[PDB]
Amino acid sequence: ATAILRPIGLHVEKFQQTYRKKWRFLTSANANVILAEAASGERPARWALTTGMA
Amino acid sequence: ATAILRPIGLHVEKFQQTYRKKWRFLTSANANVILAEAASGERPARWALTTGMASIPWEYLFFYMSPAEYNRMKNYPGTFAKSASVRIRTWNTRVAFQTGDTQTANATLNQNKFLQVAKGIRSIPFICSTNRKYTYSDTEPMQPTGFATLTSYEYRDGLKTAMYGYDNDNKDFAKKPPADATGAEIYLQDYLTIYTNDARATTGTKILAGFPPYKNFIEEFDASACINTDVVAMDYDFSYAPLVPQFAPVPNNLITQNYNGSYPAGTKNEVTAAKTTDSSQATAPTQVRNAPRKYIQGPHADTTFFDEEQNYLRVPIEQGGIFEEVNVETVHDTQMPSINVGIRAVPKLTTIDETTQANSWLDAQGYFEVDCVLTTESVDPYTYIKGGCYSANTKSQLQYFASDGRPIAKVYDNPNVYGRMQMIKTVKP
Amino acid sequence: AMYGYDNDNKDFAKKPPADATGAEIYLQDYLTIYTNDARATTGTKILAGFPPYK
Amino acid sequence: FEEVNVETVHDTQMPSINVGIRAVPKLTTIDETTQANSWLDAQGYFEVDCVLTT
Amino acid sequence: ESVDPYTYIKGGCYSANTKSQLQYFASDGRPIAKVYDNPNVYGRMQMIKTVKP
DNA sequence: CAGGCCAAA
DNA sequence: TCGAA
DNA sequence: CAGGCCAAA
DNA sequence: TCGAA
DNA sequence: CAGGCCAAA
DNA sequence: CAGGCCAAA
DNA sequence: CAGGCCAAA
């Protein structure tokens, strides 16, 4: 029995794209210093310890 | 030495899409009858010989993509149709047991059934045939007796309407259900016609050659043994077929004063040339460069053709020679083969008093399943950092334009000249 | 149509039991595809037509 | 239907079987490019064997 | 990745019903989205209303 | 290419 | 183990 | 033995 | 490399 | 054959 | 020892 | 991945 028609489904077309970038970053070596942050609104007063990793 | 950077070039993204359709066509077996066509304007008086092979419109875009696919394809600039393919298979051919006439009909179980196929008739220099629609007689539905007023554009529009239905808001929506949805058949009504000069009104010297033997250029098969068989299989790689204009490049006039500078092309022909010929031999052929043309994208774009969608069903997909690129290129004229298929008329069993062809014919219909595929490609350059896609300057495209503003395009409906297609102004829809 | 009527029914002679006779049963329920009728729609319209159910 | 037993439940449905013969166009010619205007009568013959286990 | 359905014959691309997408919205109309700038709670990100540019 | 979506598997 | 693998 | 001619290849 | 070998 | 049911595994 | 916890894997 | 365009080879 020859099949003139078959369930070929929908004609769905799928596209793929890729994006490449190269960046150069300069980061300073900050000291580890304790800074006082005042309370404001919902934020309570807290001590802050900075770190040099960007 | 480590390389932190390398010439990675541009970020060009290429998309490929394919479109598949399956159509069922019914073609009647017209008789071979000579019809007189009166002279009108530039057309001289001519005798017309009808033939029963219906044409397969595989050179047009609606044959491959639905309106939704075409509307979405409009959103991808730089869309070039790379290839097309068509396969025609034949099913059981039907022949009437007996016609409406009953006094002399002589119904018969036995039947002779022949199928004619033509592939290169349109490109033959001397045949000068064309595709026409007839008006059949009441007593003999297989005997044409004239020509219908429907042009090729109207015929293709009606065929597309039969294929894809109407809009939901149209009042005639209930008339023609979508064949692409139902799987029904579509009666083909455009058939081949051979032509010859009508010497009756000619004054002076006359050409009395008659019709050319066009039967020597067509295949013919026994339709009884062709049940469920592949008859036609054609592939066509398009030389140049821009469906959507390329991305508009960044103009160099806003940056550099050098934009108008010239540069030597050498002996190479960088500009396409139009050739005008006269088959009446009253004037020698002429080749003209710098033909009137204008850009199809950019600051001074003229997108009349694509806005009019002439390439959907009014103009064939293949448009080589029409479109020029500013890139260092080579261009040659291109055309597509013409597929004609149909059943030969079956003579009635009644006897004939004199030696001549059949006077009456049995009704017949051929059943053709057509599977068509169209493959296209698209490009997005991403040349500049901001402001969307822009293409390179060398990718700028121009199209031939008439002095009155109408673009010039190929048409396959007119008969060929010198085995070549003819350029003509597009007509506004 | 498949199983006939009860013996006390007046219409018992109309439809013999197909399970007993082996006769056929004409089917009368067929599939129907649907699409929106945009003729009376006011404002934006959906003009997609029928889906390719084939 | 739910049970008081510690259970897992998911929605269920059955496939729909549709079978039938396509209409046969009449041999008469048609003046314009469109589908068939008249059709020959046709009937398909289907033997269905069904089993249910409980 | 991208997808074009071509579900219907005419009128451009239309997707299936099951592909319909909803987004969380505040009672005032501003959509809700993830932000990685605020500190985590329970090792989890926090949903917050987007601010109009 | 039918059973809770298919363009997922 | 509300298919069933 | 169909695509810019075929009687050319 | 406006088919394509 | 006992632990979120057993007539399920 | 980075992705909805780590002292679980 | 430079020489008459590159997203063609």
# chains A, B, ... in the order shown; residues from 1 in each chain; ligands from 1
call {"tool": "interface_residues", "arguments": {"of": "chain C", "to": "chain B", "cutoff": "8 Å", "atoms": "only C-alpha atoms", "output": "compact mmCIF listing (two decimals) with N, CA and C atoms, in the first residue's frame"}}
result
# COMPACT_ATOMS: atom_id res chain seq x y z
N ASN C 36 -11.73 30.87 12.90
CA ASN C 36 -12.50 32.03 13.32
C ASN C 36 -13.16 32.71 12.13
N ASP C 37 -14.36 33.25 12.36
CA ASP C 37 -15.08 34.02 11.35
C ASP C 37 -14.86 35.50 11.64
N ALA C 38 -13.98 36.11 10.84
CA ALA C 38 -13.56 37.48 11.08
C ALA C 38 -14.50 38.51 10.44
N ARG C 39 -15.57 38.07 9.78
CA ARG C 39 -16.46 39.02 9.11
C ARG C 39 -17.10 39.99 10.10
N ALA C 40 -17.55 39.50 11.25
CA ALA C 40 -18.20 40.35 12.23
C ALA C 40 -17.23 40.89 13.29
N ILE C 46 -7.82 38.27 13.30
CA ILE C 46 -6.92 37.16 13.02
C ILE C 46 -7.34 36.55 11.69
N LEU C 47 -6.49 36.68 10.68
CA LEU C 47 -6.79 36.22 9.33
C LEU C 47 -5.90 35.06 8.92
N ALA C 48 -5.67 34.12 9.84
CA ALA C 48 -4.74 33.03 9.58
C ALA C 48 -5.34 31.96 8.68
N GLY C 49 -6.65 31.78 8.72
CA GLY C 49 -7.29 30.73 7.94
C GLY C 49 -7.22 29.38 8.64
N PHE C 50 -7.44 28.33 7.85
CA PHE C 50 -7.38 26.98 8.39
C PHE C 50 -5.93 26.52 8.53
N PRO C 51 -5.63 25.72 9.55
CA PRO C 51 -4.32 25.09 9.64
C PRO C 51 -4.20 23.96 8.63
N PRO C 52 -2.99 23.63 8.19
CA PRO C 52 -2.80 22.52 7.24
C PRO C 52 -2.95 21.16 7.91
N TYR C 53 -4.20 20.74 8.13
CA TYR C 53 -4.45 19.51 8.87
C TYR C 53 -4.08 18.28 8.06
N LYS C 54 -3.92 18.42 6.74
CA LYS C 54 -3.52 17.28 5.92
C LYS C 54 -2.12 16.79 6.25
call {"tool": "residues_around", "arguments": {"residues": "segment 35-37 of chain D", "least_positions_apart": "5", "cutoff": "10 Å", "atoms": "only C-alpha atoms (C1' of nucleotides)", "output": "list in words"}}
result
residues 25, 26, 162, 163, 175, 176, 177, 178, 179, 183, 184, 185, 186 and 187 of chain B; 23, 24, 25, 26, 27, 28, 29 and 30 of chain D
call {"tool": "write_last_selection", "arguments": {"atoms": "C-alpha atoms", "output": "JSON list (two decimals), in the first residue's frame"}}
result
[["chain", "number", "residue", "atom", "x", "y", "z"],
["B", 25, "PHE", "CA", -3.48, 18.55, -10.18],
["B", 26, "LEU", "CA", -6.20, 17.49, -12.62],
["B", 162, "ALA", "CA", -7.40, 27.93, -4.85],
["B", 163, "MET", "CA", -4.24, 26.70, -3.12],
["B", 175, "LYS", "CA", -16.26, 29.25, -1.97],
["B", 176, "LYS", "CA", -12.70, 27.89, -2.20],
["B", 177, "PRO", "CA", -11.42, 25.85, 0.75],
["B", 178, "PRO", "CA", -7.63, 25.83, 1.18],
["B", 179, "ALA", "CA", -6.17, 23.01, -0.89],
["B", 183, "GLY", "CA", -5.43, 17.88, 0.22],
["B", 184, "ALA", "CA", -7.97, 18.18, -2.59],
["B", 185, "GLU", "CA", -7.08, 18.61, -6.26],
["B", 186, "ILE", "CA", -6.74, 21.76, -8.34],
["B", 187, "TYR", "CA", -8.00, 21.82, -11.90],
["D", 23, "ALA", "CA", -14.33, 11.99, -2.02],
["D", 24, "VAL", "CA", -13.81, 11.02, -5.66],
["D", 25, "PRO", "CA", -14.16, 14.00, -8.05],
["D", 26, "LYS", "CA", -16.53, 13.61, -10.97],
["D", 27, "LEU", "CA", -14.96, 13.35, -14.42],
["D", 28, "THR", "CA", -16.79, 16.47, -15.64],
["D", 29, "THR", "CA", -14.59, 19.44, -16.50],
["D", 30, "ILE", "CA", -14.41, 22.66, -14.49]]
call {"tool": "select_by_dssp", "arguments": {"residues": "chain A", "states": "strand (DSSP E)", "output": "ChimeraX atom specification"}}
result
/A:13-15,34-37,46-49
call {"tool": "residues_around", "arguments": {"residues": "segment 1-6 of chain K", "least_positions_apart": "4", "cutoff": "9 Å", "atoms": "only C-alpha atoms (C1' of nucleotides)", "output": "PyMOL selection string"}}
result
chain E and resi 42-45
call {"tool": "residues_around", "arguments": {"residues": "segment 28-39 of chain E", "least_positions_apart": "4", "cutoff": "8 Å", "atoms": "only C-alpha atoms (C1' of nucleotides)", "output": "ChimeraX atom specification"}}
result
/E:23-24,45-51
call {"tool": "atom_distance", "arguments": {"atom1": "atom CA of residue 305 of chain B", "atom2": "atom CA of residue 409 of chain B"}}
result
9.0 Å
call {"tool": "closest_atom_pairs", "arguments": {"of": "chain E", "to": "chain B", "cutoff": "8 Å", "atoms": "only C-alpha atoms", "output": "CSV"}}
result
residue,atom,partner,partner_atom,distance
E:6,CA,B:69,CA,6.8
E:8,CA,B:68,CA,7.4
E:9,CA,B:68,CA,5.9
E:10,CA,B:68,CA,4.4
E:11,CA,B:68,CA,5.0
E:12,CA,B:68,CA,3.8
E:13,CA,B:68,CA,6.3
call {"tool": "write_last_selection", "arguments": {"atoms": "C-alpha atoms", "output": "PDB file, in the first residue's frame"}}
result
ATOM      1  CA  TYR E   6       4.432  28.397  10.772  1.00  0.00           C
ATOM      2  CA  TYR E   8      -1.290  28.397  10.151  1.00  0.00           C
ATOM      3  CA  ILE E   9      -1.465  28.873   6.393  1.00  0.00           C
ATOM      4  CA  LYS E  10      -1.861  32.669   6.332  1.00  0.00           C
ATOM      5  CA  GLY E  11      -1.138  35.724   8.434  1.00  0.00           C
ATOM      6  CA  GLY E  12       2.448  35.085   9.498  1.00  0.00           C
ATOM      7  CA  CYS E  13       3.836  32.960  12.290  1.00  0.00           C
TER       8      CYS E  13
END
call {"tool": "atom_distance", "arguments": {"atom1": "atom CA of residue 97 of chain B", "atom2": "atom CA of residue 148 of chain B"}}
result
28.7 Å
call {"tool": "atom_distance", "arguments": {"atom1": "atom CA of residue 140 of chain B", "atom2": "atom CA of residue 36 of chain B"}}
result
18.1 Å
call {"tool": "residues_around", "arguments": {"residues": "residue 1 of chain I", "least_positions_apart": "3", "cutoff": "12 Å", "atoms": "only C-alpha atoms (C1' of nucleotides)", "output": "CSV table (one decimal) with C-alpha atoms (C1' of nucleotides), in the first residue's frame"}}
result
chain,number,residue,atom,x,y,z
B,239,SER,CA,22.1,31.8,-10.3
B,240,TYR,CA,20.7,34.9,-8.7
B,328,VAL,CA,33.4,42.8,-8.9
B,329,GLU,CA,31.1,40.3,-10.5
B,330,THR,CA,30.2,38.3,-13.6
B,331,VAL,CA,26.6,38.2,-14.8
I,4,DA,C1',28.3,23.8,-11.8
L,5,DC,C1',34.3,42.2,-2.0
L,6,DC,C1',33.3,38.3,1.3
L,8,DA,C1',32.2,33.7,-2.5
L,9,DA,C1',36.1,30.0,-2.6
call {"tool": "closest_residue", "arguments": {"among": "D:32, D:3, D:41, D:49", "to": "chain B", "atoms": "only C-alpha atoms"}}
result
D:32
call {"tool": "select_by_dssp", "arguments": {"residues": "segment 138-341 of chain B", "states": "alpha helix (DSSP H)", "output": "list in words"}}
result
residues 152, 153, 154, 155, 156, 157, 158, 159, 160, 161, 162, 163, 164, 179, 180, 181, 182, 304, 305, 306, 307, 308, 310, 311, 312 and 313 of chain B
call {"tool": "write_last_selection", "arguments": {"atoms": "C-alpha atoms", "output": "mmCIF file, in the first residue's frame"}}
result
data_model
loop_
_atom_site.group_PDB
_atom_site.id
_atom_site.type_symbol
_atom_site.label_atom_id
_atom_site.label_comp_id
_atom_site.auth_asym_id
_atom_site.auth_seq_id
_atom_site.Cartn_x
_atom_site.Cartn_y
_atom_site.Cartn_z
ATOM 1 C CA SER B 152 -1.215 34.828 -16.916
ATOM 2 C CA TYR B 153 -1.255 37.058 -13.827
ATOM 3 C CA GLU B 154 -4.971 36.420 -13.295
ATOM 4 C CA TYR B 155 -4.556 32.671 -13.843
ATOM 5 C CA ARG B 156 -1.732 32.477 -11.302
ATOM 6 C CA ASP B 157 -3.693 34.606 -8.823
ATOM 7 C CA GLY B 158 -6.678 32.277 -9.149
ATOM 8 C CA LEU B 159 -4.425 29.249 -8.720
ATOM 9 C CA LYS B 160 -2.887 30.757 -5.577
ATOM 10 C CA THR B 161 -6.363 31.537 -4.240
ATOM 11 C CA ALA B 162 -7.399 27.928 -4.855
ATOM 12 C CA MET B 163 -4.241 26.699 -3.116
ATOM 13 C CA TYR B 164 -4.359 28.871 0.006
ATOM 14 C CA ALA B 179 -6.167 23.012 -0.895
ATOM 15 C CA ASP B 180 -3.023 23.106 1.253
ATOM 16 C CA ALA B 181 -5.259 22.227 4.205
ATOM 17 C CA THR B 182 -7.698 19.780 2.609
ATOM 18 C CA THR B 304 8.890 49.238 -5.683
ATOM 19 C CA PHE B 305 9.373 45.631 -6.829
ATOM 20 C CA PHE B 306 9.615 44.067 -3.369
ATOM 21 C CA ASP B 307 6.941 46.321 -1.906
ATOM 22 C CA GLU B 308 4.684 45.174 -4.737
ATOM 23 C CA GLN B 310 5.988 41.088 -7.813
ATOM 24 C CA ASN B 311 8.210 38.094 -7.104
ATOM 25 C CA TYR B 312 5.420 36.198 -5.321
ATOM 26 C CA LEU B 313 3.323 35.184 -8.334
#
call {"tool": "decode", "arguments": {"residues": "chain J", "atoms": "N, CA, C and O atoms (P, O5', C5', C4', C3', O3' and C1' of nucleotides)", "output": "PDB file, in the first residue's frame"}}
result
ATOM      1  P    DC J   1       9.197 -10.111  58.148  1.00  0.00           P
ATOM      2  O5'  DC J   1       7.985 -10.593  57.235  1.00  0.00           O
ATOM      3  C5'  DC J   1       6.733  -9.882  57.240  1.00  0.00           C
ATOM      4  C4'  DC J   1       6.232  -9.698  55.827  1.00  0.00           C
ATOM      5  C3'  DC J   1       4.955  -8.871  55.711  1.00  0.00           C
ATOM      6  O3'  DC J   1       5.281  -7.500  55.464  1.00  0.00           O
ATOM      7  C1'  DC J   1       4.920 -10.810  54.253  1.00  0.00           C
ATOM      8  P    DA J   2       4.216  -6.340  55.772  1.00  0.00           P
ATOM      9  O5'  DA J   2       4.994  -5.414  56.814  1.00  0.00           O
ATOM     10  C5'  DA J   2       5.202  -5.808  58.189  1.00  0.00           C
ATOM     11  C4'  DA J   2       5.234  -4.589  59.087  1.00  0.00           C
ATOM     12  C3'  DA J   2       6.093  -3.436  58.555  1.00  0.00           C
ATOM     13  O3'  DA J   2       5.273  -2.303  58.244  1.00  0.00           O
ATOM     14  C1'  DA J   2       7.038  -4.335  60.569  1.00  0.00           C
ATOM     15  P    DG J   3       4.815  -1.243  59.375  1.00  0.00           P
ATOM     16  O5'  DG J   3       5.895  -0.062  59.238  1.00  0.00           O
ATOM     17  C5'  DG J   3       5.566   1.304  59.456  1.00  0.00           C
ATOM     18  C4'  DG J   3       6.349   2.195  58.491  1.00  0.00           C
ATOM     19  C3'  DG J   3       6.147   1.779  57.026  1.00  0.00           C
ATOM     20  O3'  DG J   3       5.493   2.816  56.318  1.00  0.00           O
ATOM     21  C1'  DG J   3       8.411   2.300  57.544  1.00  0.00           C
ATOM     22  P    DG J   4       4.714   2.537  54.939  1.00  0.00           P
ATOM     23  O5'  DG J   4       3.640   3.726  54.908  1.00  0.00           O
ATOM     24  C5'  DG J   4       2.383   3.624  55.548  1.00  0.00           C
ATOM     25  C4'  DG J   4       1.591   4.940  55.497  1.00  0.00           C
ATOM     26  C3'  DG J   4       1.693   5.685  54.155  1.00  0.00           C
ATOM     27  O3'  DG J   4       0.438   6.067  53.635  1.00  0.00           O
ATOM     28  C1'  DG J   4       2.842   6.846  55.944  1.00  0.00           C
ATOM     29  P    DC J   5      -0.453   5.081  52.739  1.00  0.00           P
ATOM     30  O5'  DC J   5      -1.387   4.419  53.865  1.00  0.00           O
ATOM     31  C5'  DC J   5      -1.083   3.196  54.459  1.00  0.00           C
ATOM     32  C4'  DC J   5      -1.923   2.038  53.936  1.00  0.00           C
ATOM     33  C3'  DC J   5      -1.054   0.792  53.755  1.00  0.00           C
ATOM     34  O3'  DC J   5      -1.670  -0.283  54.448  1.00  0.00           O
ATOM     35  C1'  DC J   5      -2.388   1.234  51.834  1.00  0.00           C
ATOM     36  P    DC J   6      -0.990  -1.737  54.574  1.00  0.00           P
ATOM     37  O5'  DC J   6      -2.005  -2.679  53.766  1.00  0.00           O
ATOM     38  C5'  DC J   6      -2.348  -2.360  52.442  1.00  0.00           C
ATOM     39  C4'  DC J   6      -3.178  -3.401  51.718  1.00  0.00           C
ATOM     40  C3'  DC J   6      -2.454  -4.741  51.590  1.00  0.00           C
ATOM     41  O3'  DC J   6      -3.437  -5.761  51.506  1.00  0.00           O
ATOM     42  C1'  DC J   6      -2.345  -3.437  49.555  1.00  0.00           C
ATOM     43  P    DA J   7      -3.102  -7.284  51.115  1.00  0.00           P
ATOM     44  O5'  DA J   7      -3.418  -7.241  49.548  1.00  0.00           O
ATOM     45  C5'  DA J   7      -3.820  -8.376  48.808  1.00  0.00           C
ATOM     46  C4'  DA J   7      -4.459  -7.934  47.484  1.00  0.00           C
ATOM     47  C3'  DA J   7      -3.641  -6.859  46.737  1.00  0.00           C
ATOM     48  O3'  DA J   7      -3.650  -7.094  45.335  1.00  0.00           O
ATOM     49  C1'  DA J   7      -5.841  -6.277  46.835  1.00  0.00           C
ATOM     50  P    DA J   8      -2.296  -7.280  44.496  1.00  0.00           P
ATOM     51  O5'  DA J   8      -1.649  -5.815  44.402  1.00  0.00           O
ATOM     52  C5'  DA J   8      -2.252  -4.788  43.627  1.00  0.00           C
ATOM     53  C4'  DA J   8      -1.315  -3.602  43.339  1.00  0.00           C
ATOM     54  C3'  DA J   8       0.008  -3.961  42.655  1.00  0.00           C
ATOM     55  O3'  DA J   8      -0.153  -4.296  41.279  1.00  0.00           O
ATOM     56  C1'  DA J   8       0.228  -2.135  44.214  1.00  0.00           C
ATOM     57  P    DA J   9       1.096  -4.679  40.334  1.00  0.00           P
ATOM     58  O5'  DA J   9       2.107  -5.536  41.250  1.00  0.00           O
ATOM     59  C5'  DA J   9       3.523  -5.548  41.042  1.00  0.00           C
ATOM     60  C4'  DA J   9       4.258  -4.294  41.571  1.00  0.00           C
ATOM     61  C3'  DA J   9       5.776  -4.402  41.350  1.00  0.00           C
ATOM     62  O3'  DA J   9       6.332  -3.167  40.923  1.00  0.00           O
ATOM     63  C1'  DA J   9       5.287  -4.048  43.645  1.00  0.00           C
TER      64       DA J   9
END
